[PDB]
Amino acid sequence: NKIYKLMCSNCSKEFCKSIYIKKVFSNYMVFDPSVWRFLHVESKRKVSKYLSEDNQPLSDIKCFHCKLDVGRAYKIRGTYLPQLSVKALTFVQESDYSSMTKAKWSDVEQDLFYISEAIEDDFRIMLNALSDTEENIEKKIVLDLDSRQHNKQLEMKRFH
Amino acid sequence: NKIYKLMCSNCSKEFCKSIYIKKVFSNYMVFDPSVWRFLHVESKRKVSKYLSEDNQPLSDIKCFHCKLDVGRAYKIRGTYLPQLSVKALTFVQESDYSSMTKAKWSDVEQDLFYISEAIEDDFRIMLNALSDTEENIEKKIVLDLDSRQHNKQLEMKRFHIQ
RNA sequence: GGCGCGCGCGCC
RNA sequence: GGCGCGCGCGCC
Ligand SMILES: [Zn+2]
Ligand SMILES: [Zn+2]
């Protein structure tokens with residue numbers, strides 16, 4: 001099986017391996033709890049127009065090193081998960097000298113690696129990943145605050 | 001200012017170098033007369049809804065090797081030219097060992113290489129690019145038949161626009 | 001925010 | 001058919 005590293009397209013720092021990308025209703029999310037070490041998390045100070053219980057778009061995520069925006073964090077199935085934008089990535093096959101960028105995830109699926117559907121075990125691995133250390137807790141506070149704001153609008157819409 | 005190879009995303013066969021792509025009113029056409037060796041030209045049997053004298057979308061073009069559809073040929077200012085679709089292409093930078101796919105010809109300009117607007121000089125090398133071998137003549141015949149059908153529809157549109 | 005898809009207008 | 005705008009739909 002060919003494993004790829006997923007790198008920032010701008011500064012070439014590594015975010016995670018391809019084996020951690022899994023789909024939830026066509027949202028391509030990262031299920032390596034280590035990936036948060038390589039992301040700044042910042043509030044948009046604007047709740048999503050998409051309001052649902054099971055799939056909540058929350059804080060933006062930036063490359064830890066070059067600070068470009070690289071996607072968005074979500075709460076999906078009650079779990080915090082990053083979604084890296086395919087346009088922010090460069091793919092390198094382990095032990096090869098080539099690099100590839102793709103316009104669409106479907107090109108990644110056809111040309112690089114199969115992406116499977118996430119299962120409940122994958123969500124459980126990511127739960128509470130942002131715990132215990134100063135660096136993690138800062139990020140958790142930002143997600144938690146954005147989630148509270150999201151839920152406030154959600155409940156408000158559903159009031160009537 | 002890197003040069004890129006434009007390849008079939010399906011089978012990796014090379015069609016041409018990036019320096020041969022030039023725009024005509026945001027149509028990104030190939031002006032390498034050699035490119036036709038790498039394309040099959042297949043009639044569509046259905047005239048475009050866009051009818052004009054100077055920019056006629058005509059026969060489909062397919063990868064010579066794998067026969068995937070890769071775009072469409074046009075007659076532009078009286079000259080036949082291939083339009084490769086960005087969706088069927090992988091761009092490769094040989095020296096960097098890098099390859100890229102792009103959603104729009106517009107992202108190719110932004111991210112990969114400058115594309116100039118075509119001038120009259122560019123058309124001259126393409127003028128008789130299909131007139132020199134048995135195989136190229138057979139492509140020209142397909143294009144001319146599709147052009148004749150296009151013109152015939154155009155006549156009618158011009159006519160009862162009145 | 002992701003993924004897929006319609007329709008209309010403009011230039012060619 | 002290309003490119004640029006608009007408006008909208010489905011699933012999450
Ligand atoms: Zn970076
Ligand atoms: Zn091919």
Side-chain angles (χ1 to χ4, degrees), chain A residues 21-30 41-44 46-62 69-89 102-109 115 117-118 123 143 146-147 150 153-154, chain B residues 21-30 41-44 46-62 69-89 102-110 115 117-118 143 146-147 150 153-154:
Chain A
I21 303 302
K22 300 193 166 82
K23 286 189 270 196
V24 183
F25 293 102
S26 308
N27 285 270
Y28 291 75
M29 312 303 289
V30 181
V41 174
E42 166 170 338
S43 178
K44 300 180 59 174
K46 162 207 208 293
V47 170
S48 196
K49 296 185 289 293
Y50 170 43
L51 293 170
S52 90
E53 291 188 359
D54 300 334
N55 183 321
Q56 306 187 346
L58 294 182
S59 315
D60 272 326
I61 46 176
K62 320 294 183 175
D69 190 282
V70 298
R72 192 169 183 173
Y74 288 63
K75 195 183 187 183
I76 296 181
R77 288 200 208 179
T79 309
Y80 293 140
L81 297 171
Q83 186 195 79
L84 293 168
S85 171
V86 72
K87 294 187 312 222
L89 297 175
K102 305 293 187 185
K104 294 158 82 192
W105 281 110
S106 67
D107 290 333
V108 178
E109 291 165 285
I115 298 178
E117 304 294 332
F123 291 90
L143 297 162
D146 276 351
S147 178
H150 188 89
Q153 295 299 315
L154 186 46
Chain B
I21 301 299
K22 292 155 203 283
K23 304 180 279 196
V24 180
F25 292 100
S26 306
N27 288 273
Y28 289 75
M29 312 302 292
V30 183
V41 171
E42 185 83 3
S43 171
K44 280 190 69 178
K46 186 80 68 178
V47 169
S48 182
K49 295 184 299 296
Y50 172 44
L51 300 174
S52 81
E53 213 169 14
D54 292 273
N55 184 317
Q56 315 184 340
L58 300 172
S59 317
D60 277 319
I61 49 172
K62 318 293 183 175
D69 191 281
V70 296
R72 187 163 190 177
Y74 284 66
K75 194 189 202 155
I76 296 198
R77 308 231 263 275
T79 299
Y80 298 127
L81 300 175
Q83 189 191 76
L84 294 168
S85 172
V86 270
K87 301 164 179 196
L89 295 180
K102 294 295 176 186
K104 314 199 258 211
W105 272 112
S106 48
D107 289 321
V108 177
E109 296 188 86
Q110 196 172 338
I115 298 177
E117 304 186 334
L143 291 160
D146 282 350
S147 184
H150 182 104
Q153 286 303 121
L154 179 59

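Hydrogens, waters and symmetry mates play no part in the numbers below; they use all other heavy atoms, side chains included. So you know, we letter chains A, B, ... as the sequences are listed, proteins then strands, and number each from 1.
When atom types are taken as modelled, the side chain of A/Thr79 and the backbone of A/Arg77 share a donor-acceptor pair closer than 3.5 angstrom. In this structure, A/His150 contributes its side chain and A/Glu53 its backbone to no donor-acceptor pair below 3.5 Å.
Residues B/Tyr28 and B/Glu109 meet the side-chain proximity criterion, which asks for heavy atoms closer than 4.5 Å. Using a 4.5 Å heavy-atom threshold, the side chains of A/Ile21 and A/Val30 count as touching.
The residue A/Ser52 sits apart from the nucleic acid: no heavy atom pair falls under 4.0 Å. Note on B/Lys23: nothing from the nucleic acid sits closer than 4.0 angstrom, heavy atoms only. Among the heavy atoms of the strands, none lies under 4.0 Å from B/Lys49.
Taking the 5' to 3' direction, RNA chain C first and last meets chain A under 4.0 angstrom from a heavy atom at C/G1 to C/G4.
Crowding of A/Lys87 atom NZ: a count of heavy atoms from other residues, nucleotides or ligands under 6.0 Å not exceeding 12.
RNA chain D is contacted by both A/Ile76 and B/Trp105; B/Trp105 maps to the nucleotide lying nearer its 5′ end (nearest heavy atom per residue).
Interatomic distance, CD of B/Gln153 versus NZ of B/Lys46, reported as 10.5 Å (0.5 Å rounding).
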